[PDB]
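Heads up, what comes next is one protein chain in two forms, each shown on its own as structure tokens, labelled structure 1 and structure 2.
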Structure 1
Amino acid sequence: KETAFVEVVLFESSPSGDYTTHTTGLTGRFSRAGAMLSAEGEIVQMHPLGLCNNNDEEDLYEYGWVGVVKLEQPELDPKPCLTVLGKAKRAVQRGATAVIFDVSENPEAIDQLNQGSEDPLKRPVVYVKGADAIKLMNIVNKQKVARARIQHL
């Protein structure tokens, strides 16, 4: 639906106490399964098979993380553990302040999500594609310790 401006911040401390930052802006869109809210947190890269309640608890994630999930070619998962819409549920259920899906290689996700007017989540679910997704992932993949800032309207 409405636009989801997203900033990604890489940050190093300097000896002089102060932080340095690089920062990259992405456009994204807000799903109807999520709340159309601003939100901000440390980015966590969730494995699409890593958001599975097949396993009870994975590791510790401190409350308030931005969960980023790079979606797979649907063809390559016939037998999943969780819906696109119930993966979001669990991350949120587990501290995520926002969820971000790179649906580049699975655009049907959009609909499943955007036809989610049955019990939507308190926290935002955002999807990205195109050149906007390329960046994110090139940042998440290559990076480690990065903070996302998702703004609404």
Structure 2
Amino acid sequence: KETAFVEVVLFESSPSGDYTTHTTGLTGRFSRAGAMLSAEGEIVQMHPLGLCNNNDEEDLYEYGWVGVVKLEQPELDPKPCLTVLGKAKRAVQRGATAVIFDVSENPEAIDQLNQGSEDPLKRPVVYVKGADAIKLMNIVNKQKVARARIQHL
């Protein structure tokens, strides 16, 4: 399983039409659930209980977003609508160009995702933890919008 170099970009237009940035790099890992591919797109956080088969017409997000899903301690939801792979699959069906799980509270998720390696999704499914995870989350909760660039070297 390869290393996922992720950059999260904050951007602001100036008056002249040009852009200024700020860019936080993190590390993660590409799962075998998904392809080994770089991906870039606006980040969209997805609550874990908000990725399910069950809903007949879910809300619509522009094609080519990057999901971010903070997983919670596995016992806080014992009868989940879908497994962590199912959730990944939804995201991508709904147009995620990649999905990043934060697995800090749920390190078992990793092995589950990798047990999806026959039938892997066409798009990348990265996971992040620890300090790398804390960063991503801080940005998500605190800032308005952000762009992820995930590289596979």
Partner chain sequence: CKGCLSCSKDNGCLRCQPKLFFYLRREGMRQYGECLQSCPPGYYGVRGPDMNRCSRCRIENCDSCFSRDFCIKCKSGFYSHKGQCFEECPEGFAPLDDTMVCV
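When a residue number appears, read it as a position in the sequence of structure 1, where counting begins at 1. For clarity, a rigid core is taken as the largest C-alpha set superposing within 1.5 Å between two forms.
Item to check | Pair member which, unlike the other, is the form solved in complex with the partner chain | outcome: Looking at both, the form solved in complex with the partner chain is number 2.
Checklist entry - Quick one: CA shift at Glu7 between the two structures, core fit, Å? => result Spelling it out: core superposed, C-alpha of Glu7 shifted, distance 0.1 Å.
Checklist entry - Relative to the superposed core, what is the Cα shift for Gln115 between the two structures, in Å? => result That residue's C-alpha sits 1.3 Å away in the other form.
Item to check | After superposing on the core, C-alpha shift for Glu58 between the two structures in angstrom | outcome: Here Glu58 registers a C-alpha shift of 2.7 Å.
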